[PDB]
Amino acid sequence: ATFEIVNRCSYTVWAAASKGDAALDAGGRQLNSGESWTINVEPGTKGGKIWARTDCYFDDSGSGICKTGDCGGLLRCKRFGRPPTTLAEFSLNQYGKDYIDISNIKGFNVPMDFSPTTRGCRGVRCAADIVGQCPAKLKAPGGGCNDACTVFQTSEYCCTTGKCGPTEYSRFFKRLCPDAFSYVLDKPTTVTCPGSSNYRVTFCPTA
Numbered sequence: 001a002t003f004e005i006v007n008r009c010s011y012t013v014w015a016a017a018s019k020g021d022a023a024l025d026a027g028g029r030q031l032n033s034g035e036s037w038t039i040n041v042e043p044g045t046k047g048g049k050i051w052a053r054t055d056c057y058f059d060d061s062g063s064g065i066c067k068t069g070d071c072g073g074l075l076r077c078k079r080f081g082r083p084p085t086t087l088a089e090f091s092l093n094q095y096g097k098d099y100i101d102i103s104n105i106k107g108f109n110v111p112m113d114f115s116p117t118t119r120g121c122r123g124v125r126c127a128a129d130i131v132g133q134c135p136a137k138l139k140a141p142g143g144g145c146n147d148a149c150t151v152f153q154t155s156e157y158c159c160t161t162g163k164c165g166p167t168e169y170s171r172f173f174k175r176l177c178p179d180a181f182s183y184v185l186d187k188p189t190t191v192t193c194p195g196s197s198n199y200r201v202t203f204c205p206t207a
């Protein structure tokens, strides 16, 4: 499957793509404002994620640091990124269908649209100014808006027992972005697409 990753932000981002225990395609690349990077994701990829990283520095070997979404200091991500990270999430070719969503469960750094480029389903979007409106206690000094689990490490926010409810913090993310997961047991906003669809992830879709 092809994923065109497009940076419409006025600032550089470093795109990342991983399934947690491996890179997807090259795993990461710099995207200046306006740049597009097309990756190939193997059919059947389960639990894949694409995200943006901000304010990165990498040496000539591709080692360094990002202020949001850092993946063990690598340009080419092999693992998931450090919150806060707005997440485009996907599982492909799962019994004949693809499943896509956006999640704020690991916080928010960059607005995103995640849409099919092929027929048969709708896209999802979280493009509100979550960083600007972020509750004081969730603001990440490094940049972005942390989820409450990251900040407070409680069973309730992290849904450790599988018994959690919505919270004042989750409701903030849900209010700003109804179409993204705000906590682990949120009413799903997952979209079912035809198996083997192709996609575009656009950072800063509205600005």
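Using the entry's author numbering, you'd call the opening residue of the sequence shown number 1 and step up by one each time.
Ideal Cβ placement from N, Cα and C applies to all residues, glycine included.
C-alpha of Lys67 to C-alpha of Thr192: approximately 33 Å in a straight line.
Pairwise C-beta distances place the region 2-18 in contact with the region 36-52, as three or more of them are shorter than 8 Å. Of all alpha-carbon atoms in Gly195, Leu176 and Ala16, the one lying nearest the alpha-carbon of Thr118 is that of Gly195. In the DSSP annotation of this structure, the continuous segment of the alpha helix (DSSP H) that includes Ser170 starts and ends at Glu168 to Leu176. By alpha-carbon distance to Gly47, the top candidate from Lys19, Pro111, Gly72 and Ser197 is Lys19. Bounds of any alpha helix (DSSP H) do not take in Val191; it lies within the beta strand (DSSP E) bounded by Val191 to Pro194.
Taking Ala136 as reference, the option from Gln30, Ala17, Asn146 and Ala128 with the minimal CA-CA separation is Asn146. Distance check between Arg200 and each of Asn104, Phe114, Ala140 and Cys121 places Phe114 closest, using alpha-carbon atoms only.
Using a C-beta cut-off of 8 Å, the region 100-107 makes contact with the region 146-166, since at least three inter-stretch Cβ pairs fall below that distance. Taken through DSSP and simplified to helix, strand or coil, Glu89 comes out as strand. With contacts defined by Cβ atoms closer than 7 Å, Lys97 and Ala23 do not form a contacting pair. Distance check between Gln30 and each of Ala17, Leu185 and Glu42 places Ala17 closest, using alpha-carbon atoms only. Per DSSP, the beta-bridge partners of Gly64 are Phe58. Annotation for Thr167: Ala148, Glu156, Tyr157 and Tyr183 place their beta carbon closer than 8 Å to its own, counting only its chain and skipping 5 residues before and after.
Between the alpha carbons of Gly27 and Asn109 lies a gap of roughly 19 Å.
DSSP places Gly132 within a helical segment (H, G or I) once states are collapsed to three.
DSSP assignment within the region 8-34 yields the following whole beta strand (DSSP E) runs of 3 residues or more, N-terminal first: 13-18 and 23-31.
Look at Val6 here: in three-state DSSP terms it is strand.
Here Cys204 carries a coil assignment [DSSP, helix/strand/coil].
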